[PDB]
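Structure first, then comments.
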Amino acid sequence: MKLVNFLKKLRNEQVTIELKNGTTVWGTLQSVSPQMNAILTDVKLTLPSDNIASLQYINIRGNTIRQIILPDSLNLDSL
Amino acid sequence: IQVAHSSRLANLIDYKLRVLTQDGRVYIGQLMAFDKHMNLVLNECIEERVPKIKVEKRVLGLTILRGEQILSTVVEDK
Amino acid sequence: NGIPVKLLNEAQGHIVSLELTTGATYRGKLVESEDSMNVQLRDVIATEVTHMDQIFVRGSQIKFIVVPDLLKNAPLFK
Amino acid sequence: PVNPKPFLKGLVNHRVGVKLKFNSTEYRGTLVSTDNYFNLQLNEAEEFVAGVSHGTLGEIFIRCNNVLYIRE
Amino acid sequence: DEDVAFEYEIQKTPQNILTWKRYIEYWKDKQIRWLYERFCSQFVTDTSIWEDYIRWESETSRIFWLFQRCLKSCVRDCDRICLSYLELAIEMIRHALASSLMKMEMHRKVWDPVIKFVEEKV
Amino acid sequence: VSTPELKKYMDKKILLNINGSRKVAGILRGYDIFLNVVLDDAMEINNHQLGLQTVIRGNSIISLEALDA
Amino acid sequence: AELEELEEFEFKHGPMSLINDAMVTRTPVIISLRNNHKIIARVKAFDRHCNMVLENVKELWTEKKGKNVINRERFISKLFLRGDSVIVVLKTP
Amino acid sequence: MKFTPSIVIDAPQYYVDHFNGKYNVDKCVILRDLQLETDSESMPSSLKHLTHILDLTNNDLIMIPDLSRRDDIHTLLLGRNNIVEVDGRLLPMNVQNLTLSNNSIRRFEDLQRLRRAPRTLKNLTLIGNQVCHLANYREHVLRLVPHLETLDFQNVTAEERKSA
Amino acid sequence: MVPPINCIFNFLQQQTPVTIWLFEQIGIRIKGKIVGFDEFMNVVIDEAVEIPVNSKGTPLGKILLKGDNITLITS
Amino acid sequence: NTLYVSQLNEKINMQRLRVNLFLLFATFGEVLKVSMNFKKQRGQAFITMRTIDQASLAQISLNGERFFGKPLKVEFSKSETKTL
RNA sequence: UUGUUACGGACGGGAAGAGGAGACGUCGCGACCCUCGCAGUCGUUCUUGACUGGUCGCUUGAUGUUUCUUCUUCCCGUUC
């Protein structure tokens with residue numbers, strides 16, 4: 001039905017996401033929710049070219065994440 | 001910065017977290033409670049401004065934060 | 001149900017400061033609290049400065065709501 | 001008498017004009033179909049950026065949240 | 001080099017053996033493997049440390065060597081290591097099943113899988 | 001679902017402050033759960049009148065000071 | 001079951017029909033965004049709320065201060081573009 | 001013993017200093033009476049965890065060593081130490097509240113690392129040492145370290161500044 | 001008391017003059033007559049004319065304004 | 001445990017004063033009290049410590065110590081603190 | 001109970017000379033002030049309910065909105 005389901009199935013894989021501020025932030029997905037509440041273990045940040053100002057841990061809210069990348073190059077959803 | 005491999009929001013209750021807002025003002029505070037929208041009740045709020053270079057400081061609130069304008073919370077120190 | 005909401009409800013008749021999207025910082029008494037975070041105040045100051053008699057605030061556009069240090073542990077949690 | 005959804009329905013297979021708030025651009029084309037959440041689908045779409053056209057797109061789709069209004 | 005620092009700090013004190021884990025998970029990797037092997041050789045001959053060494057080992061020859069290592073000095077978690085070696089050799093299942101009976105001789109359901117394999121083989 | 005307590009503000013003049021720097025004012029007639037405030041006055045800001053009664057959407061009503069306490 | 005199941009065919013009749021078609025027969029589409037953006041890619045997956053997945057994603061935007069137009073470019077592939085940002089999508093021949 | 005990583009790991013980083021910031025670390029079994037004779041080595045084990053308030057008092061630290069970012073050790077307490085000289089380029093902006101009481105700072109020239117403070121050290125206090133007893137010491141400090149607001153609990157006044 | 005659900009009905013009945021306000025631009029404000037009935041705030045309005053009001057005639061037909069984009073209604 | 005100070009500079013601010021106190025008392029032992037409870041100023045401050053020994057030491061050493069011009073009069077508290 | 005899934009040239013700072021400034025608030029360095037103490041004020045009754053660092057300089061303290069329109073000389077650090 002939904003494609004949040006797809007996200008849910010992914011586990012332990014690096015993915016960049018561009019936020020409303022505008023930073024390319026590669027991190028591990030961890031326990032993904034139905035509300036898209038992501039959590040990243042290792043990450044690279046640019047506080048407002050991408051300047052390096054990185055922190056290790058972070059807890060993401062789902063409303064901010066517009067795009068996601070590099071889980072794994074494969075398309076499977078229905079089960 | 002020390003922080004263990006936590007799974008979910010329930011396991012990381014009662015910790016000093018940074019919080020980021022939509023306009024770009026940085027916060028800090030100990031996470032007291034939980035909710036559906038992640039309306040995280042901060043134990044003591046020290047708000048910070050950055051003009052559109054250098055970070056400023058305030059000390060007014062010990063707040064109940066609302067979940068609409070939050071970007072992403074970050075753990076500071078246990 | 002939401003714990004923050006409960007907390008808010010509990011803190012009825014207390015000096016609670018506020019902040020909106022625009023950043024107008026208020027400080028006055030709390031009249032009433034609901035499921036949706038709708039706050040009304042009495043003898044409310046306004047430092048955006050003015051002194052207002054009463055005000056009602058919409059819940060969606062609030063950035064954060066301030067609470068004092070008294071209701072921290074008891075009697076809301078367990 | 002004339003409600004919105006029925007008006008919309010009527011306006012199918014006919015010219016429609018729509019504008020946006022963010023990046024004010026007038027889209028002009030013939031309407032195809034609509035749903036309960038008021039999303040749009042046009043044919044022979046012309047992207048008029050404040051009068052002047054960018055390019056003739058053709059068969060296009062538009063989301064509800066951005067749309068300002070529907071006109072002739 | 002931090003390897004000499006880790007070795008000197010681990011040698012000056014037996015200090016709740018996770019210092020060897022600090023020597024391990026820093027590089028984790030072959031240096032971590034040799035350091036964890038020297039750690040399991042020196043003081044700690046437990047089942048969890050040997051299992052962590054086998055996890056560092058984890059292609060069938062290395063698994064069989066780790067199973068022969070975990071066969072030596074294993075008393076408490078003997079039947080679980082027996083079933084693990086049975087699953088490892090299931091991919092010499094009979095010889096390692098007799099070795100499982102030797103290490104742990106309680107063993108009815110684990111011997112029932114070998115009997116089910118012997119039934120499916122015919 | 002839960003009704004906002006606007007029965008206290010009935011028959012009292014209100015100086016509103018909606019989104020986008022606009023100070024509207026008018027007396028309260030009717031209310032609802034969505035906060036679509038049905039008020040019977042509208043004078044914009046200096047001062048000039050533009051129509052009598054005005055029904056406003058719930059999303060675009062942020063601050064509303066009561067004139068009479 | 002039926003309340004959600006009847007909504008499955010609602011894509012192919014209404015305004016999502018075109019996008020469904022595109023998904024079925026992979027072809028390039030022009031995707032716009034909020035803060036001055038132009039993305040070009042081919043469709044692969046689809047859901048209810050326009051949270052699409054694509055391939056061969058070419059991006060075109062501007063990060064130029066002082067009114068100078070600069071068209072930067074970089075290859076992206078197999079994304080997950082959320083529906084709140086997507087405004088206009090269209091099947092090109 | 002010597003300040004290692006293991007010791008740091010062991011250290012009680014539970015009770016936060018509630019005056020400012022969080023995580024008031026006390027290295028080894030207890031930083032108060034740890035007896036770190038050498039310089040503060042293995043600072044990377046902390047990894048800028050936290051004002052931080054790394055209370056490394058009652059030690060035998062010869063020289064003050066830092067290794068962290070601009071917000072990592074503001075309220076550092078190095079009381080009752082044997083601090084000879086504290087020159088360094090790591091802790092530039094962070095260390096404002098420097099509790100260096102009962103130190104072994106002999107000469108005024110020993111404070112030349114802190115001196116030329118416009119860029120060298122963004123903030124620094126220093127007090128309760130052998131150099132405080134020297135003639136025209138406060139004045140000298142004022143001259144060199146302009147960033148020193150509170151000089152041994154009493155503030156650096158305008159008049160004082162003028163004098164120096 | 002006048003609830004907003006019955007308000008719509010009343011509007012439909014009467015067909016009064018209206019001056020709708022927008023979110024983005026403060027100056028440009030629509031003027032017409034509301035007709036339709038709907039559960040949401042989305043309502044159809046005939047004879048739409050967009051006037052630039054001070055802090056003068058945009059061509060437009062019988063408008064249907066989006067439910068999230070109405071800032072004011074009058075009668 | 002607690003040590004009631006007296007005869008100090010009232011002209012200095014509250015938070016700053018507290019900070020200063022903290023700085024002072026970190027050499028003896030772990031200072032438990034983060035902020036002052038009285039909020040009256042002019043000497044009256046209760047330095048709460050973890051250990052009694054530390055407190056004792058502080059009392060011994062900092063009796064009439066120069067802090068912001070005036071000599072601080074150290075003394076043991078009558079009643080025990082709320083935190084302790 | 002817990003989890004998951006599905007529904008020499010550059011740069012910076014400070015000072016001087018020649019052709020950044022005004023509002024609104026929000027926290028600080030001094031004090032001629034206030035105030036006087038170990039866990040504040042008042043109502044009512046023999047023990048309980050309510051309400052909570054201020055003011056003045058800065059003799060060039062910090063900081064976010066909101067309108068308008070740089071060169072020369074010396075001193076100190078970094079880089080080649």
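By order of appearance in the structure tokens: chains A, B, ..., then residues from 1 within every chain, and ligands from 1 in the order shown.
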Should the cut-off be 8 Å, what would the residue list for chain C against chain F look like, counting only C-alpha atoms, as JSON, numbers by chain? {"C": [32, 34, 35, 36, 38, 52, 53, 54, 55, 56, 57, 58, 61]}
What lies within 6 Å of segment 78-80 of chain H using only C-alpha atoms (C1' of nucleotides), ignoring chain neighbours under 6 positions off, as a list in words? residues 56, 57, 58, 99, 100, 101 and 102 of chain H; 27 of chain J
Contacts of segment 13-25 of chain C at 10 Å (only C-alpha atoms (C1' of nucleotides); same-chain gap of 2+ positions) as a PDB file with C-alpha atoms (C1' of nucleotides), in the first residue's frame:
ATOM      1  CA  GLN B  22      13.072  25.185  11.686  1.00  0.00           C
ATOM      2  CA  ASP B  23      14.408  28.787  11.725  1.00  0.00           C
ATOM      3  CA  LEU B  60      14.417  31.942  30.103  1.00  0.00           C
ATOM      4  CA  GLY B  61      12.620  28.578  29.906  1.00  0.00           C
ATOM      5  CA  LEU B  62      12.376  25.059  31.306  1.00  0.00           C
ATOM      6  CA  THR B  63      10.026  24.133  28.528  1.00  0.00           C
ATOM      7  CA  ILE B  64       7.510  21.750  26.984  1.00  0.00           C
ATOM      8  CA  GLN B  69       9.027  22.975  14.017  1.00  0.00           C
TER       9      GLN B  69
ATOM     10  CA  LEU C   8       0.167  21.230  31.016  1.00  0.00           C
ATOM     11  CA  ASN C   9      -3.245  20.403  32.471  1.00  0.00           C
ATOM     12  CA  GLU C  10      -1.690  19.860  35.894  1.00  0.00           C
ATOM     13  CA  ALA C  11       0.042  23.266  35.754  1.00  0.00           C
ATOM     14  CA  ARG C  27       4.929  35.713  30.365  1.00  0.00           C
ATOM     15  CA  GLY C  28       1.778  35.371  32.511  1.00  0.00           C
ATOM     16  CA  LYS C  29      -0.732  33.065  34.233  1.00  0.00           C
ATOM     17  CA  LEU C  30      -2.220  29.945  32.566  1.00  0.00           C
ATOM     18  CA  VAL C  31      -6.048  29.848  32.379  1.00  0.00           C
ATOM     19  CA  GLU C  32      -6.947  26.554  30.639  1.00  0.00           C
ATOM     20  CA  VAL C  39      -3.506  28.407  25.981  1.00  0.00           C
ATOM     21  CA  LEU C  41      -3.511  33.963  29.822  1.00  0.00           C
ATOM     22  CA  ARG C  42      -4.110  36.742  32.392  1.00  0.00           C
ATOM     23  CA  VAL C  44       0.252  38.900  30.231  1.00  0.00           C
ATOM     24  CA  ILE C  45       3.420  40.868  29.343  1.00  0.00           C
ATOM     25  CA  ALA C  46       4.692  41.069  25.744  1.00  0.00           C
ATOM     26  CA  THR C  47       8.360  41.545  24.760  1.00  0.00           C
ATOM     27  CA  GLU C  48       8.593  41.066  20.972  1.00  0.00           C
ATOM     28  CA  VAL C  49       7.217  45.945  24.339  1.00  0.00           C
ATOM     29  CA  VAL C  57      -3.049  31.509  21.601  1.00  0.00           C
ATOM     30  CA  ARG C  58      -3.466  28.924  18.806  1.00  0.00           C
ATOM     31  CA  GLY C  59      -1.639  25.637  19.462  1.00  0.00           C
ATOM     32  CA  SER C  60      -0.173  24.808  16.030  1.00  0.00           C
ATOM     33  CA  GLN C  61       2.052  27.923  15.731  1.00  0.00           C
ATOM     34  CA  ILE C  62       3.638  27.768  19.243  1.00  0.00           C
ATOM     35  CA  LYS C  63       7.390  27.044  19.297  1.00  0.00           C
ATOM     36  CA  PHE C  64       7.617  26.157  23.013  1.00  0.00           C
ATOM     37  CA  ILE C  65       5.714  26.585  26.312  1.00  0.00           C
ATOM     38  CA  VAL C  66       7.614  27.356  29.554  1.00  0.00           C
ATOM     39  CA  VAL C  67       6.898  25.604  32.898  1.00  0.00           C
ATOM     40  CA  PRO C  68       8.383  26.289  36.392  1.00  0.00           C
TER      41      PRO C  68
ATOM     42  CA  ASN F  19      -0.088  36.018  10.298  1.00  0.00           C
ATOM     43  CA  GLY F  20       1.849  38.360   7.966  1.00  0.00           C
ATOM     44  CA  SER F  21       1.829  41.635   9.970  1.00  0.00           C
ATOM     45  CA  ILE F  62      -2.349  33.383  15.847  1.00  0.00           C
ATOM     46  CA  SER F  63      -2.827  36.013  18.584  1.00  0.00           C
TER      47      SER F  63
ATOM     48  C1'   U K  65      14.762  42.035  14.445  1.00  0.00           C
TER      49        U K  65
END
Name the residues in contact with residue 34 of chain H at a cut-off of 9 Å, using only C-alpha atoms (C1' of nucleotides), excluding same-chain residues fewer than 5 positions from it; report them as an MDAnalysis selection string. chainID H and resid 1:3 26:29 56:60
Mind dumping the selected residues with N, CA, C and O atoms as a PDB file, in the first residue's frame?
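Resulting contents of part_34.pdb:
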ATOM      1  N   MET H   1      48.271   6.547  39.212  1.00  0.00           N
ATOM      2  CA  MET H   1      49.159   6.121  38.089  1.00  0.00           C
ATOM      3  C   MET H   1      49.063   7.099  36.912  1.00  0.00           C
ATOM      4  O   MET H   1      48.439   8.159  37.033  1.00  0.00           O
ATOM      5  N   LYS H   2      49.691   6.748  35.790  1.00  0.00           N
ATOM      6  CA  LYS H   2      49.668   7.582  34.581  1.00  0.00           C
ATOM      7  C   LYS H   2      48.269   7.662  33.970  1.00  0.00           C
ATOM      8  O   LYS H   2      47.497   6.703  34.040  1.00  0.00           O
ATOM      9  N   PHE H   3      47.961   8.814  33.373  1.00  0.00           N
ATOM     10  CA  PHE H   3      46.636   9.074  32.802  1.00  0.00           C
ATOM     11  C   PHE H   3      46.449   8.345  31.470  1.00  0.00           C
ATOM     12  O   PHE H   3      46.816   8.866  30.412  1.00  0.00           O
ATOM     13  N   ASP H  26      35.794  13.301  35.977  1.00  0.00           N
ATOM     14  CA  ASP H  26      36.889  13.222  36.945  1.00  0.00           C
ATOM     15  C   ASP H  26      37.734  11.981  36.651  1.00  0.00           C
ATOM     16  O   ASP H  26      37.462  10.902  37.183  1.00  0.00           O
ATOM     17  N   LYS H  27      38.763  12.161  35.820  1.00  0.00           N
ATOM     18  CA  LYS H  27      39.557  11.058  35.241  1.00  0.00           C
ATOM     19  C   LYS H  27      40.147  10.072  36.256  1.00  0.00           C
ATOM     20  O   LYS H  27      40.394  10.428  37.408  1.00  0.00           O
ATOM     21  N   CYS H  28      40.368   8.834  35.800  1.00  0.00           N
ATOM     22  CA  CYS H  28      40.830   7.717  36.643  1.00  0.00           C
ATOM     23  C   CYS H  28      39.738   7.285  37.639  1.00  0.00           C
ATOM     24  O   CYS H  28      38.562   7.593  37.434  1.00  0.00           O
ATOM     25  N   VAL H  29      40.120   6.551  38.691  1.00  0.00           N
ATOM     26  CA  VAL H  29      39.193   6.200  39.779  1.00  0.00           C
ATOM     27  C   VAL H  29      38.582   7.446  40.427  1.00  0.00           C
ATOM     28  O   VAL H  29      37.394   7.471  40.749  1.00  0.00           O
ATOM     29  N   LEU H  56      40.335  18.257  37.324  1.00  0.00           N
ATOM     30  CA  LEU H  56      41.592  17.520  37.495  1.00  0.00           C
ATOM     31  C   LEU H  56      42.438  18.136  38.617  1.00  0.00           C
ATOM     32  O   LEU H  56      43.612  18.461  38.417  1.00  0.00           O
ATOM     33  N   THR H  57      41.828  18.278  39.794  1.00  0.00           N
ATOM     34  CA  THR H  57      42.481  18.883  40.958  1.00  0.00           C
ATOM     35  C   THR H  57      43.198  17.833  41.802  1.00  0.00           C
ATOM     36  O   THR H  57      43.031  16.634  41.588  1.00  0.00           O
ATOM     37  N   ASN H  58      44.001  18.304  42.759  1.00  0.00           N
ATOM     38  CA  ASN H  58      44.776  17.446  43.668  1.00  0.00           C
ATOM     39  C   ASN H  58      45.697  16.437  42.964  1.00  0.00           C
ATOM     40  O   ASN H  58      45.893  15.318  43.447  1.00  0.00           O
ATOM     41  N   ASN H  59      46.263  16.853  41.829  1.00  0.00           N
ATOM     42  CA  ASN H  59      47.157  16.024  41.017  1.00  0.00           C
ATOM     43  C   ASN H  59      48.591  16.549  41.077  1.00  0.00           C
ATOM     44  O   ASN H  59      48.872  17.522  41.781  1.00  0.00           O
ATOM     45  N   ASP H  60      49.492  15.890  40.347  1.00  0.00           N
ATOM     46  CA  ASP H  60      50.884  16.327  40.211  1.00  0.00           C
ATOM     47  C   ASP H  60      51.207  16.653  38.750  1.00  0.00           C
ATOM     48  O   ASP H  60      52.267  16.277  38.241  1.00  0.00           O
TER      49      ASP H  60
END
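Using only C-alpha atoms, we find that the part of chain H lying within 12 Å of chain A comprises residues 47, 48, 49 and 69 of chain H.
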Those residues you just picked out, can you put them in a file as a PDB file, in the first residue's frame with N, CA and C atoms?
ATOM      1  N   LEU H  47      37.214  12.410  24.115  1.00  0.00           N
ATOM      2  CA  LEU H  47      36.690  12.741  22.780  1.00  0.00           C
ATOM      3  C   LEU H  47      35.698  13.916  22.772  1.00  0.00           C
ATOM      4  N   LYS H  48      35.952  14.914  23.623  1.00  0.00           N
ATOM      5  CA  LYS H  48      35.089  16.095  23.766  1.00  0.00           C
ATOM      6  C   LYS H  48      33.644  15.705  24.107  1.00  0.00           C
ATOM      7  N   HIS H  49      33.481  15.071  25.268  1.00  0.00           N
ATOM      8  CA  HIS H  49      32.184  14.538  25.701  1.00  0.00           C
ATOM      9  C   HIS H  49      31.206  15.642  26.102  1.00  0.00           C
ATOM     10  N   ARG H  69      37.881  20.675  20.820  1.00  0.00           N
ATOM     11  CA  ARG H  69      37.312  21.775  20.030  1.00  0.00           C
ATOM     12  C   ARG H  69      37.056  23.043  20.864  1.00  0.00           C
TER      13      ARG H  69
END
Mind listing the strand (DSSP E or B) residues of chain J, per DSSP on the backbone, as a list in words? residues 3, 4, 5, 31, 45, 46, 47, 49, 65, 66, 67, 70, 71, 72 and 76 of chain J
Long-range neighbours of residue 62 of chain G as a list in words, 8 Å cut-off, only C-alpha atoms (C1' of nucleotides), 5 positions minimum in chain: residues 36, 37, 69, 70, 71 and 72 of chain G
What residues in segment 4-62 of chain D get the DSSP label helix (DSSP H, G or I)? Please answer as a ChimeraX atom specification. /D:4-10
Using only C-alpha atoms (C1' of nucleotides), I'd like every residue of chain K that has an atom within 9 Å of chain B; please write them out as a PyMOL selection string. chain K and resi 26-27+63-64
Give me the residues near segment 15-21 of chain J as a count of residues only, where near means some atom within 8 Å (using only C-alpha atoms (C1' of nucleotides)) and where sequence neighbours in that chain fewer than 3 positions away do not count. 9
Between K:15, K:54, K:21, K:9, single out the one closest to chain J, counting only C-alpha atoms (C1' of nucleotides). K:54
Which residues of chain K have any atom within 10 Å of an atom in chain J when counting only C-alpha atoms (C1' of nucleotides), and what is the closest pair of atoms for each, with the distance in Å to one decimal? Order the rows by chain and rising number and write it as JSON lines.
{"residue": "K:28", "atom": "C1'", "partner": "J:13", "partner_atom": "CA", "distance": 9.2}
{"residue": "K:29", "atom": "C1'", "partner": "J:12", "partner_atom": "CA", "distance": 9.6}
{"residue": "K:30", "atom": "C1'", "partner": "J:11", "partner_atom": "CA", "distance": 8.7}
{"residue": "K:31", "atom": "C1'", "partner": "J:11", "partner_atom": "CA", "distance": 7.4}
{"residue": "K:33", "atom": "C1'", "partner": "J:11", "partner_atom": "CA", "distance": 9.7}
{"residue": "K:35", "atom": "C1'", "partner": "J:40", "partner_atom": "CA", "distance": 8.1}
{"residue": "K:36", "atom": "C1'", "partner": "J:42", "partner_atom": "CA", "distance": 7.7}
{"residue": "K:37", "atom": "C1'", "partner": "J:44", "partner_atom": "CA", "distance": 5.9}
{"residue": "K:38", "atom": "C1'", "partner": "J:77", "partner_atom": "CA", "distance": 5.9}
{"residue": "K:39", "atom": "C1'", "partner": "J:38", "partner_atom": "CA", "distance": 6.6}
{"residue": "K:40", "atom": "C1'", "partner": "J:38", "partner_atom": "CA", "distance": 8.3}
{"residue": "K:53", "atom": "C1'", "partner": "J:14", "partner_atom": "CA", "distance": 6.4}
